[PDB]
Each structure stands twice: as structure tokens, then as C-alpha cells.
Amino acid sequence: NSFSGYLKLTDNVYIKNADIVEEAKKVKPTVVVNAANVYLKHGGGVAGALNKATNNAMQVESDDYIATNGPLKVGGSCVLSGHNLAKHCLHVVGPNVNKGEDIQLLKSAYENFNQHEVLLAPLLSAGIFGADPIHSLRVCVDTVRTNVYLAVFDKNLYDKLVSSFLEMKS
């Protein structure tokens, strides 16, 4: 946990414009969050990017987990190996609002973060799943009480997130 270059938004939320995988390799974090689906299929996005960097070790361990325990709940989580990227990997499932999943569960999904004192995380539901990233950052800041280090990959999205957060801040 040697996080460098993060802007601090609140007492426990930090943000940085980085690739979450490059971040993980460099910082070797205790916990890296994966933006997961219910069957733990890491195709594309953060999940696929992380899986590739373990040369598909993650996807194999994931598939064994689903086979034993069945799908995760939307808004739920499971802790697996972090492989070469971290000690552990917390797969957290946020609502796919694009497919009509309840946006309320984004808050339950962020509540999983509070079981770890330090995390390297992306924004849940803010890509393929279609939530407003500003909304997702807002619920993260309102929900997570532990120290979360957000890697936002796209520069324009990151700029807009730090702007909007600080304009609406109180």
C-alpha cells in the first residue's frame, strides 16, 4: 500500500487518473476491487483488464468459485486471490442499470468496501453497466468509510469527476 499521486476528495476517498492494473502492479495493494458481474465472467472492462494481467489465472479461480457457490448477488461480493496484482481481489457486483437492475443496489455494492481498511478500486457500474459516473462517485463517497483509492482510466471522465465533486461539495 504505497499509493502515490492521488487527489484526496474526502477523508477516506482518493482519486487518480491511472490504469487500475498498472496501479496494482506498482502499489502491490492488499485489496484490489474488480467491477464484477454475477457469474464472474471477466470479459472486457476492468474485469477483463485485470484477468489478462494474471494470464487468466483470475478467470480460472473465478470459475471454480461460481461452480461451488453459484452466482453472486447484484450488490454482493466475494474475496478471491489477488494473484500477481494484489493480496486479495474483492469482486463486487454493481447494478447493470442498462438492463433494468435496481440502481439502489449500487449502495449495497459499495458497502462491501467497508470490510477492508484499504482498497484499490474502480467506479462501480460507471462503464458497461451504465450508471452515471458522477452518481457512482457520489454514492461511493457517501457509503464507503474505509480508505478507497479510485483509479479512473479516462482523463476526460476523471477531470469531470473531480470538477463535479468539488462544485457540489459542501
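One rule holds for the numbers: they count along the sequence shown, beginning at 1.
The PDB entry records a higher mean C-alpha B factor for 67-75 than for its counterpart among 67-75 and 85-93. Legend: mean Cα B-factor per stretch from the PDB entry, 41-49 versus 133-141; the higher mean is in 41-49. Across the residues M58, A35, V31, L106, the deposited record lists the maximum Cα B factor for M58. Among the modelled residues of the chain, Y149 sits in the lowest third by CA temperature factor in this PDB entry. Among the modelled residues of the chain, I128 sits in the highest third by CA temperature factor in this PDB entry.
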